[PDB]
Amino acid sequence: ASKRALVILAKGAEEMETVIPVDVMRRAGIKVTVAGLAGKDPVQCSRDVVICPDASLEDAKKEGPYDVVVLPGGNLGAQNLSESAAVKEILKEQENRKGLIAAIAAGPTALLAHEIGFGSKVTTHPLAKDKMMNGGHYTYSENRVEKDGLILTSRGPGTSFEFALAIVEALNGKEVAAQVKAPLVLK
């Protein structure tokens, strides 16, 4: 069967960090569900791009489990994810079931807020490092993409393709990742 991905979209999310992973995962044959944190209504991203989710998080939550839960970045978006009780429950369940969790840029700070994967080696956007490291619950890395077991993190818009392809490789293998990468015309 095909793998399934849950992408949680909140107001203030970085649209590039949201669209690149959604697009690339779909190119990989992954069934991606773009779920709106606040509901079914369209979401105004950080640079004012308006994206309409496939469904509300409340409804997508009932259609689990997912092979990967993806948390986009964006300072305000990540803050909304960090303050969400629904997100806390989703991440704890994913962590418990040994499912992959992927967060990019400011996105990883949501893991800290919900006490997810403590002890993991992680990376974040440079400007989110201090927030992520508050309390020293993680070990910091400057790698563009960092994968420690079931916790996959990345740094920013410019690492979004690498981040997405890492998710594809983790779920569908290196072969599929290479096949999906070629047509993108990456460096």
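Residue numbers here begin at 1 and follow the sequence given.
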property	result
Higher-scoring stretch by recorded Cα B factor average, 53-61 or 24-32	53-61
123-131 set against 141-149, stretch whose average Cα temperature factor tops the other in the entry	141-149
Largest Cα B-factor, entry values, listed residues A85, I104, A110, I101	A85
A1 - which third its CA temperature factor falls in, relative to the rest of the chain	highest
Entry-reported Cα temperature factor of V180, expressed as the chain third it lands in	lowest
Among modelled residues of the same chain, the CA temperature factor third for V7	lowest
Lowest, middle or highest third - CA B-factor, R155	lowest
Modelled-residue ranking by C-alpha temperature factor, third containing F118	middle
